[PDB]
Amino acid sequence: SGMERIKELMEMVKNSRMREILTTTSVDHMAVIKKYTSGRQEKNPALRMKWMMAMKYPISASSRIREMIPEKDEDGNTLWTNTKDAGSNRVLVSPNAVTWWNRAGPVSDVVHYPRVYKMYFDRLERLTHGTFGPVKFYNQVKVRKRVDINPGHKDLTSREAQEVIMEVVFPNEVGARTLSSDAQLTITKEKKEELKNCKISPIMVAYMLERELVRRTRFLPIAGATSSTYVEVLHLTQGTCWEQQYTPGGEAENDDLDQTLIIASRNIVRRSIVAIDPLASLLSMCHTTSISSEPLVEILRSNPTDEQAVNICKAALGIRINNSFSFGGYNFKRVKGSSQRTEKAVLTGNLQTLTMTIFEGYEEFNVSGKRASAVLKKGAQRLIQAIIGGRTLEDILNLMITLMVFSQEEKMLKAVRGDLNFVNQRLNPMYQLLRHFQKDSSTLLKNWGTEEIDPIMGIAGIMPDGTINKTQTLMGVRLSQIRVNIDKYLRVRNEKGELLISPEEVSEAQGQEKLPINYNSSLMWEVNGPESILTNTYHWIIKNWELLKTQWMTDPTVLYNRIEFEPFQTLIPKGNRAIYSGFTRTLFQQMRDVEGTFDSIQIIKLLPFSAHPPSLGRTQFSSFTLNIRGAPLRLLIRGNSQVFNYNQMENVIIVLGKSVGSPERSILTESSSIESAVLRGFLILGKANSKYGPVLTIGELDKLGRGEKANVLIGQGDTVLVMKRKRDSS
Amino acid sequence: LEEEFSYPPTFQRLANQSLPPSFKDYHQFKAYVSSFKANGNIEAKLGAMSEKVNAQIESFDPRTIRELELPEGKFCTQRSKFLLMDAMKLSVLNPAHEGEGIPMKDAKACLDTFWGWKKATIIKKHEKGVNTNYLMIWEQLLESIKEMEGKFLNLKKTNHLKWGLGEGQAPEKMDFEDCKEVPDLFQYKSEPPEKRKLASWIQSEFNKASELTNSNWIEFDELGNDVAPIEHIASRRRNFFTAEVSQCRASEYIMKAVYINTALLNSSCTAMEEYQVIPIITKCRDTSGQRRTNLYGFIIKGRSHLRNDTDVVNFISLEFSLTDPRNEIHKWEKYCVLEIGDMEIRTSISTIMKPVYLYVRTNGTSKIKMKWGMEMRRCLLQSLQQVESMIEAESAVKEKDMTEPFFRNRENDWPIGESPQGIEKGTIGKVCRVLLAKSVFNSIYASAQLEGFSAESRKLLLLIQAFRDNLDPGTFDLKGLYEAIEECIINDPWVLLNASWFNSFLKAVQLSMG
Amino acid sequence: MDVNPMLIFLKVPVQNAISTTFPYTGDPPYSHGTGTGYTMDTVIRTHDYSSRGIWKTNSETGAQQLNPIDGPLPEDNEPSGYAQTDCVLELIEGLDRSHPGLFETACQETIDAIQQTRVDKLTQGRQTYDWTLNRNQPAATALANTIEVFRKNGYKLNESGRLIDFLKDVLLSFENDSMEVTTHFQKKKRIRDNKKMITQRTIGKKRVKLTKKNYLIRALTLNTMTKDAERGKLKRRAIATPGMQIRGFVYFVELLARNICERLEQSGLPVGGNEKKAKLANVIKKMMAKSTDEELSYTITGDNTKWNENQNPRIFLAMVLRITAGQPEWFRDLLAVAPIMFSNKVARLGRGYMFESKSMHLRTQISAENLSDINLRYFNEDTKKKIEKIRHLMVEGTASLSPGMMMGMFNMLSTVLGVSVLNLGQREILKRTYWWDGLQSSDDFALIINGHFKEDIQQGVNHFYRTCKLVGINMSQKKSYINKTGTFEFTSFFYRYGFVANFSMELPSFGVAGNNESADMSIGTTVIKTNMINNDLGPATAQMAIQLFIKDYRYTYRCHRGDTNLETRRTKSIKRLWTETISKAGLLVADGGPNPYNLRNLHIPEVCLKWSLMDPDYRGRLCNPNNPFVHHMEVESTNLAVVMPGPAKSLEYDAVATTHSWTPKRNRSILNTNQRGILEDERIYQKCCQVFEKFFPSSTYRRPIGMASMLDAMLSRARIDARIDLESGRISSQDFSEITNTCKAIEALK
Amino acid sequence: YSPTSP
RNA sequence: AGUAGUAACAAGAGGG
RNA sequence: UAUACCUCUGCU
Ligand SMILES: [Zn+2]
């Protein structure tokens, strides 16, 4: 109607008090007087509520409660009183009034409320339809990381959501702005349709939509999947010492599935490299591994991801690499190189910024489009060479334009004029440069530049004007008229025998999975990740130490070649594995040669660095490097470090902050002045003694004679006396 | 399109006076800052500054350092709101649940199990009190219980009861003009608390709080069904926790605290002008399964016009006991102990005749203290998650649920006390009950002294740990740290015992090392 | 055997059993009576640390103002406030070099905020000292009161609605020499009653004009009171509350400091707990990667003593001006307001004292204003002495406090100073045998010093320690210590080769929050949840934490299960609901229902969790949008509670709006005071806003902007709403004239 | 589980 | 008396 | 000066 609202206004305007306020205070100022109150923010609400719940009438409620529920219930309880709450016309009320309403009050219609409260009810849907696996007990590494905590965040900014919320619940009171995106329009029309005729406070609708649409993040310690639906159930899926395997109801998003398919394949390849039969190990792991409780082999059979490790896995399974795509009408097929991707933004000549996905690395494409074809050689924003042929010069030139845009050169971006706007499906920004240059290329060719070439029969150049020139041509342009195999060591080659993908080339970069990976493999430790490798490896040495100690004494080469050390080797840089093994194996044999000096902790520390065919170099090392989550960490040879820390107070070895087990108490009371197994061909005797001259660095130890003593900066601010022993070691 | 903001003259003159000393004008100082460029300013002044301004690292060896100094004075008295180890129960067998039935009806039922009451006599005076008021209060209460007909009991404001509850003791408030010239008008006493000496009883109390009992003192509300495997694991472990904690003596104290403070707060709020009787009740389940209602005594609430959260309710606590107060008279400074009856007690194969005492005292509490007493069940959480983290830490290394081994085997044990033989070790269940007692006693004996001692002594503990970790700890003013600790050891029985515990720990560490 | 929990530490490292050293299950210390004794201690101590400075009397206020900066360098280790301006600027410059563009974009972001910020923004926030009443008041009322008194005098620029104009009014208001204020006083009338004559208390208001000093002193005043419920301290300490004149200027300074800190790796503020630990993990990771295998590493677990007392408004003015170099001079001078007011700040001395006569058995109150006039025979020696020193600083009831700072005044700019010292330790700046990095938040810091030998560490400590002294920062030698990198402490986080759990820190948050039945259930289950994630709350204990919270929740709200034999004021009505209900499992706990919660469902609100199981009619009553129990608040304050771990943060929870979303009764003590009328003002203001929202429903979601009148806007909306409601709709022709006639009738009443 | 103590 | 602890409560204000 | 009462307030 709008009749009884203007009526009450006039009645209020009768009052000189209210008409004073309604005329003097502006709209701006109404936000101030709205929050004008004598009531403080309660300092100790827990106390006050316990104090107040002992009272008869501790709840305040709208005075109209006196018309809606009786003054006394069937048992005689007073439900409401006439006392006005301080600062309003609400009345003080008993908790029995709340209970009466809930058992005898007016019923309303609320069946659509789950649509208003979707953000809550989606949590119950994921849980109701979730699946539980077993609980595994193991030291649980948790990386503090910013993650989503709002599953289903139809991703928008805050202002964009404000426009949406206004359109849905306050349509007549919208500001000047309009709905800008197709995201904002489809959400608005869906929300308008879903929330149609739902008797509920518009304030609550506005609130829930605010919580639902905007992305919200938090720093949280996380082990395993980082996806929002897994973040949502951290309390249920991980503790200090346990993982509860769980899969939320619903389907994984392709982004997530692609991101952890890459991680899983890289880890499978990295593992296979160091095994005796990589191709057999890779196949074993592919068949046993699952992502989000889906088998990896069927993921690969239907996933188009184009990445080196994934392609090695697809090759080993005999399934076709996603080698090709189509762009601008022509089909591109990569024949050499790989697509390392980088999402960045660049300026044009118009000074307009664009969020591109620029590609890196030397690539080589066979390109064809029914009327023209070309061999393309490309670098990062570089057209190295394009050899183009076709039935017609027009057709050749159109492919040339497409290649000059596919190159992403700075030359061609600087040569753009005006703004880029095309379509009501709006095409992505690579086509925005194409459709622009397809309808005009006058500055592109003038700015592209020209190079002189040797006259070769069958080859001709093309000038900016369009003429054919034998010895001049646009930069990089020449005009002229797959079955894969994989070997034991995972090298991928073409029919011709040329190297397409190498496992050594696989990206070393790691990163935390978005969905759970389960290898279900004997070649893989229980848990995903490199920290788990370290902990499990030193745990395994402590558990079976007695067996391994005598195996150290009797048959050492069998100990070094244990396959339980292979995962540890993936953490060592390829180039260092051999020399680290030589340094380690030598240091052990010194401990065997030099009788008396025996350090069980030193053995356990360095034992995993044995597992690689050793090189015969004589270099020195104060630490071994380990790649952990992208960062190099240094395990010191002498004493404790972050990677390895023997704490005598607990009698525990601490690996990256995690207890890995207690050694035998024999090893607490175990010592000797001399330390073998620290320096190659030297011995540590004890404290520094100036009688033997000034202090030296480790790189300057070559100058000492066979038997002479010296002072050395050995590590961690310590200075030490050192003798060069006379006979060496096996 | 512009934007402006300038100082009017008044503020401009304030701007000129809020500069470093060498500047005469705000415009001047703003120019000095806009054009400043560093040219060894810090190094210059660092060369100019006295080398007495330094932080010398004095290396820290816990073999070097001394034990904390505990104060001297009269002995520390009991100060709990209710008896602990000295309590005695009259009880009835009762299927009622953990909070059912009319309190005073339950109370009278418990009284009616005991005959052999006596004419009451004073056997240990409250030296600072009018002890015949305590005697008359007990007799008044006993006859008012006899004659009550209702759910609640409000005593008449007699002279002896008015005294015991501090009726009228507030000085009357006047304007300063009307009393300006009174000679002895002074500011309220604001000295630091009088010091007190550590006494035997608080260590004894803690030993008894750490023990097992024959009754389940805490009933737990229901959970949703287990579904996740980890929830089944949790409930298995929760079974061990529940029995270990429910049967611990400290849990009885929890439930006494929760009941008393809940009843006092509610009566304080609803019966502000009434001297309301509150019986001291607990319900429990024997290990035999029998449910039981216990009566420890009574509490008489004074007036309770509590406004500020620190405002005081005066109350009188009348509590049964078989403990002879004369054997440890310094423990009972605040009490007036009566002898009120004789009890025939069973043993193995003989009946013993013991006298029944009534520990009587005036006492007080506040809304904030009652609130925290009502919440004393969270002490359960402090102990148990420390225990569970210990079980979980091994489970990670052992890669199996070590719950059942820890509670059923005794291969794992921790130091938790000292006998003449030396350091005694205990099982995970004992550790659980010791840490529960500790947390319960922090709640019973909360104090600024405990807050200060705990936070400052934590630093000294960490320094000791750093040394034992071989991390080469260093202090700057170790003497000042000892003063920050010892400043907090004034008079509280619980803080004194914790200070002693630290020394015992320091001494035990020194031995095992050098 | 005597039990000793401490002996556990023989086997368990202190960090892994640290929970046993936090006694947070007992009531924390509270102050009784006045904090005047503490405010005087703070004022006195602050001047002592700055005593070698330069005294001067203020032109506009007459207050004696000590200036210690650029004073004599200290010669002992006692706390000192002799900060050197040029050393501060060198550190701030080093921060500009190391983070190019930071100051620029920090200022630009602040510029944009100043231009966009409306006056409304000061309705948000903690309490504020109100000079209209010489008492603390909610932020919004102090704002409305200042605007009202400004309007009644000659200041109305804020009429625009933008905050910078209100700030102009504040500075223009210092030129007045007769600022008029209304007070209230109790009048005692006599009236007849049917048939005797009884006395009648009533309230009148009286105008009072203020001196130029008076208003200036009041406008530079910062309230004081004792901080209660503080852990880990034997003795209480004083805290302060800013006033309305300085608030808006503080907002924009802290906004600049915040934008700086947001982008400094060494700042602990304003990020949360888990991100603090990530930032600390990074500098350890970074310090180790940048060192050779030959070098050492020690870590200072660090605390700065007398942190607020020894920072300086004048130094803050230096910082602001250097951070804003090259920016528009209006923006530089605007931000410089707050440091200046802080330099000429004056502290209220509190309630006063109470006296007592044992012979006469009487008590009396005495204001802090009376501490100038009064005989000193009443006081004890220590208090007497304190009054002797405070009298030299006394100015019209307040005590002048030019140097130093007081807790509760100012938040993040002091951390920027500490960080600038941390930033000085880069290898490329020091070029010595040592170097350092670390993290800092307010007075707490962790410092990692690396060097080639143990003596290099000593050099770095002294160099750090002494450079901190040169800017008024005093590292505690009692409470800081050092050890080889591997373990440290930082704001009650405990690192032992990785951060471990400190669960006892969170114990006070386990319980019934006291908001209402709906919020408390969501809050309680969420507390358990976030501790399982963040503080190693094991699954068994978490299950029991559910059991205990349900017990506490049921007793507190007398909502025991519908089949209990307990007897409360609510059992009968809950019993009725129980027997009348078919699906009992759908009843909320607050309605006598069972607890649904276990580990797996802590993140699902109760109503959502029981929705499928509810009797249709119960659910229809429970969630009835027409129920009289809820306070239809704004969107921005929906599902918000307040909790205290920081100063005092807001806690958002997840819950369905039901009959259980109610609000407890308001405090009523004001009915016995001169401020009684404020309740009626609030009653009138609320109906005005209630009717406006019928014409502008979106004002409950987005604050409306506009300089027009509240009535004119409603009238404009009434005319056009009636228009389309008929022109192209479903309202009759006679009704259009029935409304527009009323709008004409209303327009006539002006 | 029935806890026990020596 | 008692609570308490660097200052308070042990009802405050009014019907004067 | 005392004794009854009566009213408001329990973080303001
Ligand atoms: Zn219950």
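Within each chain the numbering goes from 1 in written sequence order, not necessarily matching the entry, and residues lacking coordinates are not shown. Working convention: letters from A go to chains and numbers from 1 go to ligands, in the order in which they are written. The displayed chains are a subset of a larger assembly; all values refer to this subset. Side-chain numbers come from the whole structure's heavy atoms, not from hydrogens or water. Residues with missing side-chain atoms are left out of burial classes, side-chain pairs and their counts.

- The record names X-ray crystallography as the way this model was obtained, at a resolution of 2.500 Å.

### Points about the protein's contact with RNA strand F
And then number 1: Neighbouring residues of RNA strand F: 16 residues in total, closest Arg40(A), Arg48(A), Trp51(A), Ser669(C) and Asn672(C).
And then number 2: One heavy atom within 4 Å of a molecule or strand makes the whole residue count as near it. Sugar plus phosphate, as a fraction of atoms of RNA strand F within 4 Å of the protein: 60%.
And then number 3: Each polar contact in these results corresponds to two N or O atoms within 3.5 Å; when the atoms are within protein, one needs to be able to donate a hydrogen and the other to accept it, and residues that are neighboring in sequence are counted only if both atoms are side-chain atoms. At a separation of 2.6 Å, a sugar or linking oxygen of RNA strand F approaches a polar side-chain atom of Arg40(A).
And then number 4: Measuring from a sugar or linking oxygen of RNA strand F, one finds a side-chain N or O atom of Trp51(A) at 2.7 Å.

### A closer look at the pattern of salt bridges
Oppositely charged side chains may form a pair once their charged atoms are brought near each other.
And then number 1: Just to be clear on terms, a salt bridge is a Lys or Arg side-chain nitrogen sitting within 4 Å of an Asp or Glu carboxyl oxygen. Under the criterion given, the structure shown has 115 salt bridges over all chains.
And then number 2: With a closest N to O distance of 2.8 Å, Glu307(A) and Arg266(A) form a salt bridge. Within this pair, whereas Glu307(A) is found in the loop between α16 (296-302) and α17 (308-316), its partner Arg266(A) is found in helix α14 (residues 254-273), the two being separated by 41 residues in sequence.
And then number 3: The partner of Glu329(C) in a salt bridge is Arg332(C), and the shortest N-O contact between them spans 3.3 Å. Here a helix means four or more residues in a row that DSSP labels H or I, a strand means two or more in a row labelled E, and each is numbered from the N terminus.

### Let's talk about helix α9 (residues 313-323) of chain C
Residues and elements named next belong to chain C.
And then number 1: In terms of burial, α9 is a largely internal element, 11 of the 11 residues being buried.
And then number 2: Buried within α9 we find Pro 313, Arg 314, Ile 315, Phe 316, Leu 317, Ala 318, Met 319, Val 320, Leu 321, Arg 322 and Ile 323.
And then number 3: Capping of α9 at its N-terminal end is provided by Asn 312; its side-chain oxygen lies 2.8 Å from the backbone amide nitrogen of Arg 314. Think of it in three bands: residues with accessible area under 20% of the maximum for their type are buried, residues over 50% are exposed, and the middle band is partly exposed, with areas taken using a 1.4 Å probe on protein chains only.

### Comments concerning the state of the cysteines
Residues and elements named next belong to chain B.
And then number 1: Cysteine sulfur atoms that pair up within 2.5 Å are treated as a disulfide. With the rule as written, the count across this model stands at 0 disulfides over all chains.
And then number 2: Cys 110 takes part in no disulfide bond, and the closest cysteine sulfur to it belongs to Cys 284, at a distance of 11 Å.
And then number 3: With no disulfide of its own, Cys 379 has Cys 248 as its nearest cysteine by sulfur position, at a separation of 11 Å.
And then number 4: Residue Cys 379 is classed as buried on the basis of its relative accessible area of 0%.

### Notes on the nonpolar core
Side chains of a nonpolar character, in soluble globular proteins, are inclined to be buried together.
And then number 1: Buried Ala, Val, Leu, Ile, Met, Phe, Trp, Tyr and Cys residues that are joined via side-chain atoms within 4.5 Å together make up what is termed a nonpolar core. In this structure, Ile254(B), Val440(B), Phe441(B), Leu460(B) and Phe629(C) are the most contacted members of the largest nonpolar core, which totals 217 residues.
And then number 2: If you look at the next biggest cluster of nonpolar residues, it comprises 184 residues, including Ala83(C), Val250(C), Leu422(C) and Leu711(C).

### Things to note about the interface of chain C and chain B
And then number 1: Contacts between chain C and chain B engage 177 residues on the former and 162 residues on the latter.
And then number 2: Note on chain C versus chain B: buried area summed over both sides is about 15600 Å², and carbon and sulfur give 59% of it.
And then number 3: When residues of chain C are sorted by the area they lose upon contact with chain B, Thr25(C), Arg363(C) and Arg466(C) head the list and together hold 5% of the total.
And then number 4: Across the chain C-chain B interface, the total number found is 20 salt bridges.
And then number 5: The tally of links between chain C and chain B comes to 100 residue pairs in polar contact. When checking whether two residues touch, look at their non-hydrogen atoms; a contact exists if any pair is within 4.5 Å. Once two parts are joined, some of their accessible surface, as seen by a 1.4 Å probe, is lost; buried area is that loss totalled over both.

### Regarding helix α2 (residues 26-35) of chain B
And then number 1: Among the residues of α2(B), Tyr26(B), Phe29(B), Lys30(B) and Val33(B) are the ones counted as buried. One face of α2(B) carries all of its buried residues, which in axial projection span an arc of 100 degrees. Every exposed residue of α2(B) that faces more than 90 degrees away from the buried side is listed here: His27(B) and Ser35(B).
And then number 2: Buried positions along α2(B) lie against α1 (9-17) of chain B together with α2 (85-98), α9, α10 (329-335) and α11 (337-343) of chain C.
And then number 3: Two or three places before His27(B), at the start of α2(B), stands the capping residue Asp25(B), its side-chain oxygen 3.3 Å from that residue's backbone nitrogen. Note: the arc covers the axis-to-C-beta directions of the helix.

### A look at the packing of aromatic side chains
And then number 1: Stacked, tilted and edge-to-face are the three classes applied to pairs of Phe, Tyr and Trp rings, where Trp contributes its six-membered ring and a pair requires centres within 6.5 Å; stacked means planes under 30 degrees apart, edge-to-face means over 60, and tilted covers the rest. If you walk through the whole model with that rule in mind, you get 84 aromatic pairs over all chains.
And then number 2: Aromatic rings pair up to connect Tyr538(A), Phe568(A), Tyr580(A), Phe583(A), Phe609(A), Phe621(A), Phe624(A) and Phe644(A) into one cluster.
And then number 3: Just above the ring of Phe22(C) sits the side chain of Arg458(B); from NZ or CZ to the centre is 3.7 Å.
And then number 4: A ring is scored as having a charge over it whenever the NZ atom of a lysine or the CZ atom of an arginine sits within 6 Å of its centre and within 35 degrees of its normal. Of note, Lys277(C) hangs over the ring of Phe493(C), and the distance from its end group to the ring centre comes to 4.6 Å.

### A word on the interface of chain B and chain A
And then number 1: Of the residues lining the interface, 29 residues belong to chain B; the matching set on chain A comes to 26 residues.
And then number 2: Interface area, chain B with chain A, both sides summed: about 2400 Å², of which 68% is carbon and sulfur.
And then number 3: Counting across the chain B and chain A interface gives 1 salt bridge.
And then number 4: One salt bridge in this structure joins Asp309(B) and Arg48(A), with 3.2 Å as the shortest N-O distance.
And then number 5: When contributions to the side of chain B that touches chain A are tallied by element, the ones reaching two or more residues are α9 (229-246), α10 (249-270), α11 (367-374), α12 (379-398) and α15 (448-468) of chain B.
And then number 6: No other element matches the 5 residues that α10(B) contributes to the side of chain B that touches chain A.
And then number 7: Taken together, the residues that form the side of chain B that touches chain A break down as 13 nonpolar, 5 polar and 11 charged. Ten residues, namely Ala, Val, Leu, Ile, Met, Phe, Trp, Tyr, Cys and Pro, are considered nonpolar, four, namely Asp, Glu, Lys and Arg, are considered charged, and the remaining ones, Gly among them, are considered polar.

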